[PDB]
file my_file-v1.csv (CSV, C-alpha atoms and all ligand atoms)
chain,number,residue,atom,x,y,z
A,21,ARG,CA,88.6,69.1,118.4
A,22,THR,CA,87.7,69.4,122.1
A,23,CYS,CA,87.3,72.7,123.9
A,24,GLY,CA,86.1,73.8,127.3
A,25,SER,CA,84.7,77.2,126.0
A,26,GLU,CA,81.3,76.4,124.6
A,27,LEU,CA,78.5,78.8,125.2
A,28,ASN,CA,75.2,76.9,124.6
A,29,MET,CA,72.9,79.8,125.3
A,30,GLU,CA,69.7,77.6,125.5
A,31,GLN,CA,71.5,75.5,128.2
A,32,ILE,CA,73.0,78.5,130.0
A,33,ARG,CA,69.6,80.2,130.2
A,34,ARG,CA,68.4,77.2,132.4
A,35,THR,CA,71.6,75.9,134.1
A,36,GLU,CA,73.3,79.2,134.9
A,37,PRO,CA,70.8,82.1,134.9
A,38,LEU,CA,73.2,84.7,136.3
A,39,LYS,CA,75.8,83.9,133.5
A,40,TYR,CA,73.0,84.1,130.9
A,41,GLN,CA,72.1,87.6,132.2
A,42,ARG,CA,75.8,88.6,132.1
A,43,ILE,CA,76.3,87.4,128.6
A,44,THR,CA,73.1,89.1,127.3
A,45,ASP,CA,74.2,92.4,129.0
A,46,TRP,CA,77.6,92.1,127.4
A,47,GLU,CA,76.2,91.7,123.9
A,48,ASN,CA,73.6,94.5,124.4
A,49,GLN,CA,76.4,96.8,125.4
A,50,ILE,CA,79.2,95.7,122.9
A,51,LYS,CA,78.1,98.2,120.2
A,52,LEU,CA,77.9,101.1,122.7
A,53,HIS,CA,81.4,100.2,124.2
A,54,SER,CA,83.4,100.0,120.8
A,55,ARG,CA,83.7,103.6,119.4
A,56,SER,CA,87.3,104.4,120.4
A,57,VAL,CA,88.7,101.1,118.9
A,58,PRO,CA,92.5,101.6,118.1
A,59,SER,CA,93.6,102.2,114.5
A,60,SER,CA,97.1,100.9,115.3
A,61,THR,CA,98.8,97.5,116.1
A,62,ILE,CA,97.6,96.0,119.4
A,63,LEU,CA,100.5,94.4,121.3
A,64,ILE,CA,99.9,91.5,123.8
A,65,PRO,CA,102.7,90.7,126.3
A,66,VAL,CA,102.6,86.9,127.0
A,67,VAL,CA,103.7,84.7,129.8
A,68,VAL,CA,103.7,80.9,129.2
A,69,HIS,CA,103.4,78.8,132.4
A,70,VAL,CA,104.6,75.3,131.8
A,71,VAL,CA,103.2,73.1,134.6
A,72,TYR,CA,104.7,69.6,134.4
A,73,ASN,CA,104.5,66.3,136.2
A,74,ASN,CA,107.1,64.5,133.9
A,75,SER,CA,109.7,65.2,131.2
A,76,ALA,CA,107.2,64.9,128.3
A,77,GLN,CA,105.1,67.7,129.8
A,78,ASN,CA,108.2,69.9,130.3
A,79,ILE,CA,108.1,71.2,126.7
A,80,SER,CA,111.1,73.0,125.0
A,81,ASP,CA,111.6,76.7,124.8
A,82,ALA,CA,111.8,76.3,120.9
A,83,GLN,CA,108.3,74.6,121.1
A,84,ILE,CA,106.9,77.6,123.0
A,85,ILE,CA,108.6,80.2,120.7
A,86,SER,CA,107.0,78.3,117.7
A,87,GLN,CA,103.6,78.8,119.3
A,88,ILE,CA,104.2,82.6,119.6
A,89,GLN,CA,105.2,82.5,115.9
A,90,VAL,CA,101.9,80.8,114.9
A,91,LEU,CA,99.9,83.4,116.9
A,92,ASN,CA,101.7,86.2,115.1
A,93,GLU,CA,101.0,84.6,111.7
A,94,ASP,CA,97.3,83.8,112.3
A,95,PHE,CA,96.5,87.2,113.9
A,96,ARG,CA,98.2,89.1,111.1
A,97,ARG,CA,97.1,87.0,108.1
A,98,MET,CA,100.8,86.0,107.6
A,99,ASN,CA,100.0,82.2,107.8
A,100,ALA,CA,101.3,80.6,104.6
A,101,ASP,CA,98.2,78.5,104.4
A,102,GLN,CA,96.2,81.7,103.8
A,103,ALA,CA,96.7,80.7,100.2
A,104,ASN,CA,94.4,77.7,101.0
A,105,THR,CA,91.4,79.9,101.9
A,106,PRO,CA,88.7,79.2,99.2
A,107,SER,CA,88.6,82.3,96.9
A,108,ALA,CA,84.9,82.7,97.8
A,109,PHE,CA,85.9,83.3,101.4
A,110,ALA,CA,89.4,84.9,101.0
A,111,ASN,CA,87.7,88.3,100.4
A,112,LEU,CA,86.1,88.0,103.9
A,113,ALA,CA,89.4,87.2,105.6
A,114,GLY,CA,90.6,89.5,108.3
A,115,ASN,CA,94.0,90.7,109.4
A,116,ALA,CA,93.6,91.3,113.2
A,117,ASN,CA,96.7,93.5,113.4
A,118,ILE,CA,97.4,92.0,116.9
A,119,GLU,CA,101.0,91.0,117.8
A,120,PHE,CA,102.2,88.7,120.6
A,121,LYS,CA,105.5,88.9,122.4
A,122,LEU,CA,106.9,87.0,125.3
A,123,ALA,CA,107.3,89.2,128.4
A,124,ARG,CA,110.8,90.4,129.2
A,125,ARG,CA,109.8,92.0,132.6
A,126,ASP,CA,108.0,90.0,135.3
A,127,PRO,CA,105.4,91.6,137.7
A,128,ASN,CA,108.2,92.5,140.2
A,129,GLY,CA,110.3,94.3,137.5
A,130,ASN,CA,112.8,91.5,137.2
A,131,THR,CA,114.2,90.2,133.9
A,132,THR,CA,112.4,87.1,132.4
A,133,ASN,CA,112.2,85.3,129.1
A,134,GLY,CA,108.4,85.1,129.6
A,135,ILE,CA,108.4,81.3,130.3
A,136,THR,CA,107.8,79.9,133.8
A,137,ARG,CA,108.4,76.3,134.9
A,138,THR,CA,106.5,74.7,137.7
A,139,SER,CA,107.0,71.0,138.7
A,140,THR,CA,103.8,69.5,140.1
A,141,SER,CA,102.4,66.4,141.8
A,142,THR,CA,99.1,66.8,139.9
A,143,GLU,CA,98.8,64.2,137.2
A,144,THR,CA,95.9,65.8,135.3
A,145,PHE,CA,94.5,69.3,135.5
A,146,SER,CA,90.7,70.0,135.6
A,147,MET,CA,89.0,72.8,133.7
A,148,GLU,CA,86.2,72.7,136.3
A,149,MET,CA,88.6,73.4,139.2
A,150,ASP,CA,91.0,75.8,137.2
A,151,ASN,CA,93.7,74.2,139.4
A,152,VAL,CA,96.5,74.9,136.9
A,153,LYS,CA,96.0,78.6,137.6
A,154,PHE,CA,96.8,78.4,141.3
A,155,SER,CA,100.1,77.7,142.9
A,156,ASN,CA,98.4,76.3,146.0
A,157,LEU,CA,96.4,73.8,143.9
A,158,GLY,CA,99.5,72.4,142.1
A,159,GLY,CA,99.6,74.9,139.3
A,160,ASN,CA,101.0,78.4,139.0
A,161,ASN,CA,99.4,81.8,139.9
A,162,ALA,CA,98.7,84.2,137.0
A,163,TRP,CA,100.9,87.2,136.4
A,164,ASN,CA,98.9,90.5,136.7
A,165,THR,CA,96.1,89.7,134.1
A,166,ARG,CA,95.6,93.4,133.4
A,167,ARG,CA,99.0,93.5,131.8
A,168,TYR,CA,99.8,90.0,130.6
A,169,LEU,CA,98.1,87.2,128.6
A,170,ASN,CA,98.7,84.1,130.7
A,171,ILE,CA,98.9,80.9,128.7
A,172,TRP,CA,99.1,77.7,130.9
A,173,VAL,CA,100.5,74.5,129.3
A,174,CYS,CA,99.7,71.3,131.1
A,175,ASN,CA,98.2,67.8,131.0
A,176,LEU,CA,94.4,68.3,130.4
A,177,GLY,CA,94.0,64.5,129.9
A,178,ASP,CA,92.9,62.2,127.0
A,179,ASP,CA,90.0,64.4,125.8
A,180,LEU,CA,90.4,68.2,126.3
A,181,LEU,CA,92.7,70.2,124.0
A,182,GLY,CA,92.3,73.6,125.7
A,183,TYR,CA,90.0,76.2,127.2
A,184,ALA,CA,89.8,80.0,127.6
A,185,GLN,CA,88.1,82.4,129.9
A,186,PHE,CA,85.8,84.9,128.1
A,187,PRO,CA,86.1,88.7,128.6
A,188,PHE,CA,82.6,89.0,130.2
A,189,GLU,CA,84.1,87.0,133.1
A,190,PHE,CA,87.1,89.3,133.6
A,191,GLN,CA,85.5,91.7,136.2
A,192,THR,CA,84.4,88.8,138.5
A,193,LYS,CA,87.2,86.3,137.8
A,194,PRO,CA,90.3,88.4,137.1
A,195,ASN,CA,92.9,86.0,138.5
A,196,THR,CA,91.8,83.1,136.2
A,197,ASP,CA,91.7,85.2,133.0
A,198,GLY,CA,93.8,83.6,130.2
A,199,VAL,CA,94.1,80.4,128.3
A,200,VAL,CA,95.1,76.8,129.0
A,201,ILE,CA,96.5,74.4,126.4
A,202,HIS,CA,97.2,70.7,126.4
A,203,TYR,CA,101.0,70.2,126.3
A,204,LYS,CA,100.7,67.7,123.4
A,205,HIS,CA,99.1,70.4,121.2
A,206,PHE,CA,101.3,73.5,121.9
A,207,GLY,CA,103.5,74.9,119.3
A,208,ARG,CA,104.1,73.8,115.7
A,209,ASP,CA,105.6,70.5,114.6
A,210,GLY,CA,108.3,69.3,117.1
A,211,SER,CA,106.7,67.7,120.2
A,212,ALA,CA,103.2,68.6,119.1
A,213,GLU,CA,101.0,65.6,118.1
A,214,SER,CA,99.2,65.3,114.8
A,215,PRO,CA,96.5,66.3,113.8
A,216,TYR,CA,96.7,69.2,116.3
A,217,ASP,CA,100.3,70.0,115.5
A,218,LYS,CA,100.2,73.5,113.8
A,219,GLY,CA,99.5,75.6,116.9
A,220,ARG,CA,95.9,76.3,116.1
A,221,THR,CA,94.5,75.0,119.5
A,222,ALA,CA,96.0,78.2,120.9
A,223,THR,CA,94.9,80.4,118.0
A,224,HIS,CA,91.3,79.1,118.6
A,225,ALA,CA,91.6,79.6,122.5
A,226,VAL,CA,93.1,83.1,122.1
A,227,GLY,CA,90.1,83.8,119.8
A,228,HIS,CA,87.8,83.0,122.8
A,229,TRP,CA,89.9,85.2,125.2
A,230,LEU,CA,89.3,87.9,122.5
A,231,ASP,CA,85.5,87.4,122.7
A,232,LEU,CA,84.9,85.0,119.8
A,233,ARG,CA,82.5,82.1,120.0
A,234,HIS,CA,82.3,78.8,118.2
A,235,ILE,CA,81.3,79.5,114.6
A,236,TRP,CA,78.3,77.1,114.7
A,237,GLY,CA,76.7,78.8,117.8
A,238,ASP,CA,77.1,76.0,120.4
A,239,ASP,CA,73.5,74.9,119.7
A,240,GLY,CA,73.7,71.2,119.1
A,241,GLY,CA,73.4,71.5,115.3
A,242,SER,CA,70.5,73.8,115.0
A,243,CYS,CA,70.4,77.2,113.1
A,244,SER,CA,69.2,79.1,116.2
A,245,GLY,CA,72.5,79.7,117.9
A,246,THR,CA,74.8,82.5,116.8
A,247,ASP,CA,78.5,83.5,117.0
A,248,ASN,CA,77.3,87.2,116.7
A,249,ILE,CA,79.4,87.6,113.6
A,250,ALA,CA,77.4,88.5,110.4
A,251,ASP,CA,80.2,87.5,107.9
A,252,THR,CA,80.5,83.9,109.3
A,253,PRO,CA,77.8,81.9,107.5
A,254,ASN,CA,75.1,80.5,109.8
A,255,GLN,CA,76.2,76.9,110.5
A,256,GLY,CA,74.4,73.9,112.0
A,257,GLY,CA,77.0,71.9,114.0
A,258,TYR,CA,80.7,71.8,114.3
A,259,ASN,CA,82.9,70.4,111.7
A,260,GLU,CA,85.8,68.0,112.4
A,261,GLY,CA,88.7,66.7,110.5
A,262,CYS,CA,89.4,68.1,107.0
A,263,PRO,CA,86.2,68.7,105.1
A,264,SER,CA,86.2,69.4,101.4
A,265,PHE,CA,85.1,72.7,99.9
A,266,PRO,CA,82.3,73.6,99.5
A,267,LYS,CA,80.5,72.0,102.5
A,268,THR,CA,76.8,73.0,102.8
A,269,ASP,CA,74.3,72.2,105.6
A,270,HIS,CA,70.7,72.9,106.6
A,271,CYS,CA,71.6,76.5,107.9
A,272,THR,CA,73.6,77.6,104.8
A,273,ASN,CA,72.4,75.2,102.0
A,274,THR,CA,74.1,77.0,99.0
A,275,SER,CA,77.8,77.2,97.9
A,276,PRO,CA,80.2,78.6,99.3
A,277,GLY,CA,78.5,76.9,102.3
A,278,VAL,CA,80.0,76.9,105.8
A,279,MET,CA,83.4,78.3,106.8
A,280,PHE,CA,84.8,75.1,108.2
A,281,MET,CA,88.4,76.5,107.8
A,282,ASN,CA,87.6,79.3,110.3
A,283,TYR,CA,89.8,79.0,113.4
A,284,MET,CA,86.6,79.0,115.6
A,285,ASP,CA,85.4,75.7,114.2
A,286,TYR,CA,86.6,72.2,115.4
A,287,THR,CA,88.5,71.2,112.3
A,288,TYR,CA,92.2,69.9,112.1
A,289,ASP,CA,94.9,72.5,112.5
A,290,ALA,CA,96.2,72.1,108.9
A,291,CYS,CA,92.7,72.7,107.5
A,292,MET,CA,92.1,76.1,109.3
A,293,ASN,CA,93.4,79.3,107.7
A,294,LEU,CA,91.3,82.4,108.5
A,295,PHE,CA,89.5,84.8,110.8
A,296,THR,CA,87.0,87.0,109.2
A,297,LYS,CA,86.9,90.8,109.1
A,298,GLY,CA,83.9,90.7,111.4
A,299,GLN,CA,85.7,88.5,113.9
A,300,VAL,CA,88.7,90.9,113.8
A,301,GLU,CA,86.4,93.8,114.6
A,302,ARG,CA,85.1,92.0,117.6
A,303,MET,CA,88.5,91.1,118.9
A,304,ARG,CA,90.0,94.6,118.4
A,305,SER,CA,87.0,96.3,120.1
A,306,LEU,CA,88.2,95.0,123.5
A,307,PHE,CA,91.1,97.4,123.3
A,308,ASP,CA,88.9,100.5,122.8
A,309,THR,CA,91.2,103.2,124.4
A,310,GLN,CA,88.4,104.7,126.6
A,311,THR,CA,86.1,101.8,127.6
A,312,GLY,CA,87.8,98.6,126.3
A,313,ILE,CA,88.0,95.9,128.9
A,314,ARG,CA,91.6,95.0,127.8
A,315,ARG,CA,92.7,98.7,127.2
A,316,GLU,CA,95.2,98.7,130.2
A,317,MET,CA,97.2,95.9,128.5
A,318,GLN,CA,98.2,98.4,125.8
A,319,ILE,CA,99.5,101.1,128.3
A,320,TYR,CA,102.6,99.1,129.4
A,321,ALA,CA,102.9,96.5,126.5
A,322,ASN,CA,106.0,98.1,125.1
A,323,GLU,CA,107.7,98.4,128.5
A,324,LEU,CA,107.0,94.8,129.4
A,325,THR,CA,108.1,93.2,126.1
A,326,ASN,CA,111.6,94.9,125.9
A,327,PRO,CA,114.6,94.0,128.2
B,401,CA,CA,77.7,84.0,112.1
B,402,CA,CA,74.2,76.2,114.8
B,403,ZN,ZN,86.5,76.6,121.5

call {"tool": "encode", "arguments": {"input": "my_file-v1.csv", "output": "structure tokens", "more": "lines below"}}
Ligand SMILES: [Ca+2]
Ligand SMILES: [Ca+2]
Ligand SMILES: [Zn+2]
result
Amino acid sequence: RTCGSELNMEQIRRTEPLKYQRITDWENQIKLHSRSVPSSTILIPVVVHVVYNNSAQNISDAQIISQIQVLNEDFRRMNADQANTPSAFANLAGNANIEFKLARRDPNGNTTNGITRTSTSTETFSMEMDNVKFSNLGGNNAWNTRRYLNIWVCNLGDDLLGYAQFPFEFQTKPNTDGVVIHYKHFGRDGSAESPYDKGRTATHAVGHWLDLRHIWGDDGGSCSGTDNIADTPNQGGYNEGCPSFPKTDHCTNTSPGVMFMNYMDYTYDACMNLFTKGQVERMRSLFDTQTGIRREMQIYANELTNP
């Protein structure tokens, strides 16, 4: 799996010192800014922006609805492959109690189905430029990011599957908040290409938009990096493909080993099947009713997801 949302803290400390300070401040303050976390279902209004240069990139409404179905399964532990979670880890599995619905009202109060379509001359979008998120750069401007989760679907090229913007970046980069997914790996079955054809590229990206990090700590295989989640076993490097349970490494050398079936690893879509309770706590904390950075999204979520 390829992803543009790695946080190699050793590298960031040297290459991006202001970003290092911002991430460290966010983590020092995350416990003090998560007391009024909601006890009820969190609803996320979604807008999907299809940005296409050709017919293959202009994916079907059914393809998009299947992706929303997958998010609602994975974030509510309603994925049928939950049964595949090894019994040693199933007791750590979390139910995020987060729902996703396509928007029915656009930012001007007009009816919408929550899908936009933008033809473009851009052949390939760049994560570096964030050009898919700007109408003037060949993409499509975000819908009010305080109220909608914006998911852009486009051609990210031969390598990149998707990328997300993290919550610590919301204050300074509000208009680029959201997630971008490669069109070939959006939705389940249908036009999606194996082995990333079960909609988990977006489950993984939405996990980053909800403050989660790669489970192995983005540290080049060492045991020094962390995902800041105590119930995800310390893990060396990423896993790819479809490992066999149990898989141990130099960070967790005893069975049950590393949680390679966590959505925040780099494994194939069909071999992923859980978030942990600790990851759920972190994601839900962003909706703390008094100080949660994404709390406003809950104020008008019902209004925006009904006709
Ligand atoms: Ca961990
Ligand atoms: Ca590691
Ligand atoms: Zn990632």

call {"tool": "closest_residue", "arguments": {"input": "my_file-v1.csv", "among": "A:74, A:25, A:164, A:48", "to": "ligand ZN 403 (chain B)", "atoms": "only C-alpha atoms and all ligand atoms"}}
result
A:25

call {"tool": "axis_aligned_box", "arguments": {"input": "my_file-v1.csv", "around": "range 36-46 of chain A", "padding_each_side": "3 Å", "output": "AutoDock Vina command-line options"}}
result
--center_x 74.2 --center_y 85.8 --center_z 131.8 --size_x 12.8 --size_y 19.2 --size_z 15.0

call {"tool": "closest_residue", "arguments": {"input": "my_file-v1.csv", "among": "A:123, A:294, A:84, A:108", "to": "residue 208 in chain A", "atoms": "all atoms listed in the file"}}
result
A:84

call {"tool": "residues_around", "arguments": {"input": "my_file-v1.csv", "residues": "range 216-226 of chain A", "least_positions_apart": "4", "cutoff": "10 Å", "atoms": "only C-alpha atoms", "output": "JSON, numbers by chain"}}
result
{"A": [21, 22, 23, 24, 25, 83, 84, 86, 87, 88, 89, 90, 91, 92, 93, 94, 95, 169, 171, 181, 182, 183, 184, 185, 186, 198, 199, 200, 201, 202, 204, 205, 206, 207, 208, 209, 210, 211, 212, 230, 231, 232, 233, 234, 282, 283, 284, 285, 286, 287, 288, 289, 290, 291, 292, 293, 295, 303]}

call {"tool": "write_last_selection", "arguments": {"input": "my_file-v1.csv", "atoms": "C-alpha atoms", "output": "PDB file, in the frame of the given file"}}
result
ATOM      1  CA  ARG A  21      88.600  69.100 118.400  1.00  0.00           C
ATOM      2  CA  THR A  22      87.700  69.400 122.100  1.00  0.00           C
ATOM      3  CA  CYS A  23      87.300  72.700 123.900  1.00  0.00           C
ATOM      4  CA  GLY A  24      86.100  73.800 127.300  1.00  0.00           C
ATOM      5  CA  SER A  25      84.700  77.200 126.000  1.00  0.00           C
ATOM      6  CA  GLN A  83     108.300  74.600 121.100  1.00  0.00           C
ATOM      7  CA  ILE A  84     106.900  77.600 123.000  1.00  0.00           C
ATOM      8  CA  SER A  86     107.000  78.300 117.700  1.00  0.00           C
ATOM      9  CA  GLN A  87     103.600  78.800 119.300  1.00  0.00           C
ATOM     10  CA  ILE A  88     104.200  82.600 119.600  1.00  0.00           C
ATOM     11  CA  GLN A  89     105.200  82.500 115.900  1.00  0.00           C
ATOM     12  CA  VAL A  90     101.900  80.800 114.900  1.00  0.00           C
ATOM     13  CA  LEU A  91      99.900  83.400 116.900  1.00  0.00           C
ATOM     14  CA  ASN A  92     101.700  86.200 115.100  1.00  0.00           C
ATOM     15  CA  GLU A  93     101.000  84.600 111.700  1.00  0.00           C
ATOM     16  CA  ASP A  94      97.300  83.800 112.300  1.00  0.00           C
ATOM     17  CA  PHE A  95      96.500  87.200 113.900  1.00  0.00           C
ATOM     18  CA  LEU A 169      98.100  87.200 128.600  1.00  0.00           C
ATOM     19  CA  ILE A 171      98.900  80.900 128.700  1.00  0.00           C
ATOM     20  CA  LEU A 181      92.700  70.200 124.000  1.00  0.00           C
ATOM     21  CA  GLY A 182      92.300  73.600 125.700  1.00  0.00           C
ATOM     22  CA  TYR A 183      90.000  76.200 127.200  1.00  0.00           C
ATOM     23  CA  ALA A 184      89.800  80.000 127.600  1.00  0.00           C
ATOM     24  CA  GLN A 185      88.100  82.400 129.900  1.00  0.00           C
ATOM     25  CA  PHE A 186      85.800  84.900 128.100  1.00  0.00           C
ATOM     26  CA  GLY A 198      93.800  83.600 130.200  1.00  0.00           C
ATOM     27  CA  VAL A 199      94.100  80.400 128.300  1.00  0.00           C
ATOM     28  CA  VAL A 200      95.100  76.800 129.000  1.00  0.00           C
ATOM     29  CA  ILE A 201      96.500  74.400 126.400  1.00  0.00           C
ATOM     30  CA  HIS A 202      97.200  70.700 126.400  1.00  0.00           C
ATOM     31  CA  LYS A 204     100.700  67.700 123.400  1.00  0.00           C
ATOM     32  CA  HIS A 205      99.100  70.400 121.200  1.00  0.00           C
ATOM     33  CA  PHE A 206     101.300  73.500 121.900  1.00  0.00           C
ATOM     34  CA  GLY A 207     103.500  74.900 119.300  1.00  0.00           C
ATOM     35  CA  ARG A 208     104.100  73.800 115.700  1.00  0.00           C
ATOM     36  CA  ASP A 209     105.600  70.500 114.600  1.00  0.00           C
ATOM     37  CA  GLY A 210     108.300  69.300 117.100  1.00  0.00           C
ATOM     38  CA  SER A 211     106.700  67.700 120.200  1.00  0.00           C
ATOM     39  CA  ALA A 212     103.200  68.600 119.100  1.00  0.00           C
ATOM     40  CA  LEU A 230      89.300  87.900 122.500  1.00  0.00           C
ATOM     41  CA  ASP A 231      85.500  87.400 122.700  1.00  0.00           C
ATOM     42  CA  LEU A 232      84.900  85.000 119.800  1.00  0.00           C
ATOM     43  CA  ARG A 233      82.500  82.100 120.000  1.00  0.00           C
ATOM     44  CA  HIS A 234      82.300  78.800 118.200  1.00  0.00           C
ATOM     45  CA  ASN A 282      87.600  79.300 110.300  1.00  0.00           C
ATOM     46  CA  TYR A 283      89.800  79.000 113.400  1.00  0.00           C
ATOM     47  CA  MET A 284      86.600  79.000 115.600  1.00  0.00           C
ATOM     48  CA  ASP A 285      85.400  75.700 114.200  1.00  0.00           C
ATOM     49  CA  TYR A 286      86.600  72.200 115.400  1.00  0.00           C
ATOM     50  CA  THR A 287      88.500  71.200 112.300  1.00  0.00           C
ATOM     51  CA  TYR A 288      92.200  69.900 112.100  1.00  0.00           C
ATOM     52  CA  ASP A 289      94.900  72.500 112.500  1.00  0.00           C
ATOM     53  CA  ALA A 290      96.200  72.100 108.900  1.00  0.00           C
ATOM     54  CA  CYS A 291      92.700  72.700 107.500  1.00  0.00           C
ATOM     55  CA  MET A 292      92.100  76.100 109.300  1.00  0.00           C
ATOM     56  CA  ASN A 293      93.400  79.300 107.700  1.00  0.00           C
ATOM     57  CA  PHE A 295      89.500  84.800 110.800  1.00  0.00           C
ATOM     58  CA  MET A 303      88.500  91.100 118.900  1.00  0.00           C
TER      59      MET A 303
END

call {"tool": "residues_around", "arguments": {"input": "my_file-v1.csv", "residues": "residue 300 in chain A", "least_positions_apart": "5", "cutoff": "7 Å", "atoms": "only C-alpha atoms", "output": "VMD selection string"}}
result
chain A and resid 114 to 116 295

call {"tool": "closest_residue", "arguments": {"input": "my_file-v1.csv", "among": "A:105, A:96, A:72, A:253", "to": "residue 140 in chain A", "atoms": "all atoms listed in the file"}}
result
A:72

call {"tool": "residues_near_ligand", "arguments": {"input": "my_file-v1.csv", "ligand": "ligand CA 402 (chain B)", "cutoff": "9 Å", "atoms": "only C-alpha atoms and all ligand atoms", "output": "PyMOL selection string"}}
result
chain A and resi 235-247+254-258+271

call {"tool": "atom_distance", "arguments": {"input": "my_file-v1.csv", "atom1": "CA of residue 138 in chain A", "atom2": "CA of residue 158 in chain A"}}
result
8.6 Å

call {"tool": "atom_distance", "arguments": {"input": "my_file-v1.csv", "atom1": "CA of residue 274 in chain A", "atom2": "CA of residue 296 in chain A"}}
result
19.2 Å

call {"tool": "atom_distance", "arguments": {"input": "my_file-v1.csv", "atom1": "CA of residue 155 in chain A", "atom2": "CA of residue 172 in chain A"}}
result
12.0 Å
